[PDB]
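Numbering (the deposited numbering), first residue to last: 1 to 513. The beta-carbon is built from N, C-alpha and C at its ideal position, and this holds for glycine as well. Report on the following structure.
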């Protein structure tokens, strides 16, 4: 057979190769000095999807025969829990792959060596429950609200000429979001128009449709009715049936029934004094005439997600067949008007008394890079949520790493002769991160390690690699803080994934063709 089977060192190399390739591209992306890449692929690949976020591309493609896609895959969970914020975990994991050659030199029991992960277990556990992340965030928080981590996530990000401002707004959003609400009811999109502003925060929900061109322009003191049951009429669950009659006269009654549906809609809508009908699904037309006549606006097929958020925003109802008006509903009235943004016409539901949910309408010149806003906004949303939840962070800019490197170095000898070697390799691995951030900086790296190691060993924890400074600076001042989450999950994830590669010996796969 053509099945590819590898054992021992050959199998290890497969693992050896995968980590290295990822690191150069990944390494370049990091933080303030990080870079954007464009990936063009043939079908099914439309163009070059440029991505500031490392994770997205990794998730998207399982390009070649080298194993790794699974490795790539895990990081997503870390982002759900946290992120992000900026890719870093993978590179460090990759470097760990490095010593095993010296490990061939170890020429003893590699599995004995794996005792490293327990050490990592230690290493990971210790900063966890040890040392410090973040103090106050009084809340909502005047100032602490942003110009920080949002900008750091954004840092590697291409967007942040304008982007830092975008990232900054995110904290306002988090502030509105705060409470036991969980994460829900926030809607985002971007727009094809220019404004230095680059984006808008809407006090309510933004949607895009028209009931009828006919109908009224804007609605005030709007009575909002959401309907589960679209207006469509006739059939049931017996078609009952395609049909014929004891004279055309009989048909007259059938025509009459539609009127009943119509009349019912007209009768109670008026009592409400009805302004708007949002039907997350197609509507049946007699109301179409009646509404336009009415002073009311329908949104035929207003898709569901925004309907639910709009529930959170408004007061709602229970809708609910046509008994749905009124108090069955709760309609919120600031103003619902269809406006032109630029550009495409959207409907703005606003002055929601609730305030629990809002929207962000991005504005951009336009393009896939505008779609970079698409790359962008998501990144921004997750990090903020984590920061709010954790109530814990860490000094960014290489601070954390340098400290861990110092502490970890103690660890190998803290461990025994065999174990020391493994544990020490783990610690040294810590060193690259100082090399990388600084390297993106444009400053000489070797000096970077030395100065940074001195400042950190000092215990001035806050000192990090200040790219701006070009040396090591006070991260606290800069505001680069890493979520407590990012560091923790990376430590844990890194050990396990690395071991799995190493733990497995005989790698088996069949030839595609």
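Find the nearest neighbour of residue i within the set the options, judged by alpha-carbon distance.
i	options	result
residue 20	67, 4, 59	67
residue 220	295, 156, 61, 488	295
residue 263	284, 246, 245, 250	284
residue 124	100, 41, 105, 423	423
residue 479	300, 501, 450, 394	394
residue 121	449, 53, 142, 411	411
residue 25	39, 14, 15, 105	39
residue 343	360, 489, 9, 365	365
residue 425	47, 100, 30, 28	100
residue 427	437, 448, 400	400
residue 217	336, 199, 200, 246	336
residue 440	35, 11, 3, 8	35
residue 354	108, 177, 71	177
residue 90	471, 506, 429	429
residue 300	389, 321, 229, 266	229
residue 119	507, 413, 505	413
residue 545	417, 297, 396	For residue 545 there is no data in the structure shown, the boundaries of the chain being 1 and 513.
residue 519	104, 72, 33, 43	Not covered by the structure: residue 519. The range shown for the chain is 1 to 513.
residue 214	11, 325, 298	298
residue 462	469, 468, 473	473
residue 258	55, 244, 280, 290	290
residue 484	468, 434, 503, 388	388
residue 418	267, 111, 460, 380	111
residue 379	46, 55, 7	55
residue 517	86, 194, 93, 7	Because the chain spans 1 through 513 in this model, residue 517 falls outside it and cannot be assessed.
Less than 7 Å between the CB of residue i and some heavy atom of the ligand SAH, yes or no?
i	result
residue 487	Absence of the ligand SAH is noted for the structure shown, with no ligands found whatsoever.
Residue i lies in the alpha helix (DSSP H); which residues open and close that run?
i	result
residue 11	8 to 28
residue 79	69 to 81
residue 454	445 to 458
residue 114	That residue, residue 114, is in no alpha helix (DSSP H); it is neither H nor E in DSSP.
residue 441	432 to 441
residue 249	248 to 272
residue 54	54 to 60
residue 286	286 to 294
residue 418	417 to 429
residue 389	370 to 390
Looking at the strands, I want to know which residues DSSP matches up with residue i.
i	result
residue 347	207, 338
residue 300	279
residue 49	39
residue 507	6
residue 364	192
residue 395	481
residue 330	316
residue 465	472
residue 219	336
residue 359	187, 202
What residue range is occupied by the uninterrupted beta strand (DSSP E) comprising residue i?
i	result
residue 471	471 to 474
residue 200	199 to 202
residue 186	Careful: residue 186 lies outside any beta strand (DSSP E) and carries neither H nor E.
residue 225	224 to 227
With 8 Å as the threshold, decide whether the Cβ of residue i is near any Cβ in chain C.
i	result
residue 310	Looking at the structure shown, chain C is missing, and only one protein chain is on hand.
Quiz item: Do the stretch 159 to 166 and the stretch 493 to 508 meet, that is, are 3 or more Cβ pairs less than 8 Å apart?
Solution: The stretch 159 to 166 is not in contact with the stretch 493 to 508.
Quiz item: Does the stretch 81 to 95 come close enough to the stretch 452 to 460 to have 3 or more Cβ pairs within less than 8 Å?
Solution: No: the two stretches stay apart, fewer than three of their Cβ pairs being nearer than 8 Å.
Exercise. Kindly confirm or deny that the stretch 318 to 335 and the stretch 138 to 151 touch, where touching means at least three C-beta pairs closer than 8 Å.
Key: Touching, no, given that fewer than three Cβ pairs across the two stretches are closer than 8 Å.
Quiz item: Does the stretch 222 to 234 come close enough to the stretch 271 to 278 that 3 or more CB-CB pairs lie under 8 Å?
Solution: At 8 Å Cβ cutoff, the stretches touch.
Exercise. Mind the definition here: the stretch 201 to 212 touches the stretch 371 to 379 only if three or more C-beta pairs lie below 8 Å; say whether that holds.
Key: The stretch 201 to 212 vs the stretch 371 to 379: no contact.
Quiz item: How about the stretch 19 to 36 and the stretch 502 to 511: do they share at least three Cβ pairs that are nearer than 8 Å?
Solution: Taking a cut-off of 8 Å on C-beta distances, the stretch 19 to 36 does not touch the stretch 502 to 511, as fewer than three cross pairs fall below it.
Quiz item: Three or more C-beta pairs closer than 8 Å, one from the stretch 167 to 184 and one from the stretch 378 to 385: is that the case here?
Solution: They touch, by the three-pair rule.
Quiz item: Any chance the stretch 346 to 364 sits against the stretch 193 to 201, with 3 or more Cβ pairs inside 8 Å?
Solution: Contact holds: three or more Cβ-Cβ distances are below 8 Å.
Quiz item: Do the stretch 251 to 270 and the stretch 306 to 320 meet, that is, are 3 or more Cβ pairs less than 8 Å apart?
Solution: No, the stretch 251 to 270 is not in contact with the stretch 306 to 320.
Practice problem: Report yes or no: do the stretch 474 to 489 and the stretch 127 to 135 share at least 3 C-beta pairs separated by less than 8 Å? | Solution: Cβ pair count under 8 Å is three or more, so yes.
Quiz item: Which ranges does the alpha helix (DSSP H) cover as unbroken runs of at least 4 residues, wholly within the stretch 88 to 175, from first to last along the chain?
Solution: Listed in chain order, the complete alpha helix (DSSP H) runs (minimum 4 residues) inside the stretch 88 to 175 are 89 to 96, 100 to 106, 110 to 113, 115 to 127, 149 to 156.
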